[PDB]
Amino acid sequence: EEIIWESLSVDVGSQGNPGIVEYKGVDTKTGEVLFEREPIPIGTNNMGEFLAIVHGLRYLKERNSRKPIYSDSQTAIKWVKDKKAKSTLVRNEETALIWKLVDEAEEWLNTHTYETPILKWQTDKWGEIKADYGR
């Protein structure tokens, strides 16, 4: 119904899918960029969306912040809830990096606690999520 302006919004961007993947997190209220991941040579949209949420969780926990996270990704929200990124991407030498980060993100989820609400950004009603790459 109502946007929770006191929140962190995350989103993936890519060049190709599979292709070059990056992600960022922004203050929903101001659009200030709070973190940005160095481009990863090969990954999928959903792997990047998953990493972005998990990085948001870690970012907020380190800062003792109870703010929620907005994501526009039905897939990644579920993967985080399950603590399991069910990606179809082949595991080979050229995808090793993204899969290492995904495996490490799952490992973090399985060794830490959080209460952060992970909320669906309602693009149809509210427009593009504030972290969108506008591509």
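Each residue number is its position in the shown sequence, starting from 1.
Novice: Can you let me know which of the two, 50 to 58 or 97 to 105, has the higher average C-alpha B-factor in the entry?
Specialist: Averaging CA B-factors over each stretch, the winner is 97 to 105.
Novice: Should the higher mean CA B-factor in the entry be assigned to 33 to 41 or to 67 to 75?
Specialist: Between 33 to 41 and 67 to 75, it is 33 to 41.
Novice: What third of the chain does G127 rank in for C-alpha temperature factor, lowest, middle or highest?
Specialist: Highest third.
Novice: Looking at the temperature factor on the CA atom of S9, which third of the chain's modelled residues does it land in?
Specialist: Its C-alpha B-factor belongs to the lowest third of this chain's values.
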